[PDB]
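Listed next as structure tokens is one chain, alone, in the form deposited in one PDB entry.
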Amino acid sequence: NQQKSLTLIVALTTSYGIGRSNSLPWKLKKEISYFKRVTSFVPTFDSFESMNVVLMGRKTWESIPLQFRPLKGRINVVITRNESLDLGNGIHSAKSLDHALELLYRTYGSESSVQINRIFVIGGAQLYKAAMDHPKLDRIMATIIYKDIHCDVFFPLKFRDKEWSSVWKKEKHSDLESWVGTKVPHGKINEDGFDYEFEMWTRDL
């Protein structure tokens, strides 16, 4: 069930809004290419053997443009109690976060030609709530959108605010680039009228 740390990845407004109408309220081309880059990166040496894992809630799974599904070059797991009849040509299903981690550890042992590198939780709000409570979650890759966009779904813990500042710390940009293994734009990007910026936050386990 245990081993590796969990990483959460999220794009949020300064008001912690994360979606509206079971979609993103924004169309941000470069934000999705960042997403793709970060969740896909494995060191070159390790590249033959290893892949990353993306964990998501069922409604997020349903939200991804059918075209984009499943997430290429990543082991995809959908968390669902109502697993009943998942539909996937080797996309896994699991009844909880910890059940997912036991599944991967069983499926991808030292037998397996495929080994796991990093595990990411990619949403939605319900799964984020479970991962924020999980004793192995230590890192948050956030994209901050500097607009009060109308949302109906909110991130569950205000990790950037004063009350959490002795636990969650923002890392220097050079530490961001090192962890994701590529240059990343420092400061604000403007696309389709939205200003936004890339951050990395960590906590001690």
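Only residues modelled in both forms are compared. Each form is matched to the other, and the largest set of C-alpha atoms that superpose within 1.5 Å is called the rigid core. Position 1 is the first residue in the sequence shown; the rest follow in order.
From this point on, the text means the form deposited in another entry, which you will not see here.
Once the core is superposed between the shown form and the other one, every option in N190, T182, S21, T14 stays below 2 Å in C-alpha shift except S21. Superposition on the rigid core between the shown form and the other one places the CA atom of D86 2 Å or more away from its counterpart. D46 shows a C-alpha shift of 2 Å or greater between the shown form and the other one [criterion: core-superposed Cα displacement of 2 Å]. In the other form, the CA atoms of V38 and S47 move apart by 3 angstroms or more relative to this form. Note: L85-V10 Cα separation is 3 Å or more shorter in the other form than here.
Core-superposed comparison between the shown form and the other one places the runs of three or more consecutive residues whose CA atoms all shift by 2 angstroms or more at 20-24, 44-48, 84-86, listed in sequence order.
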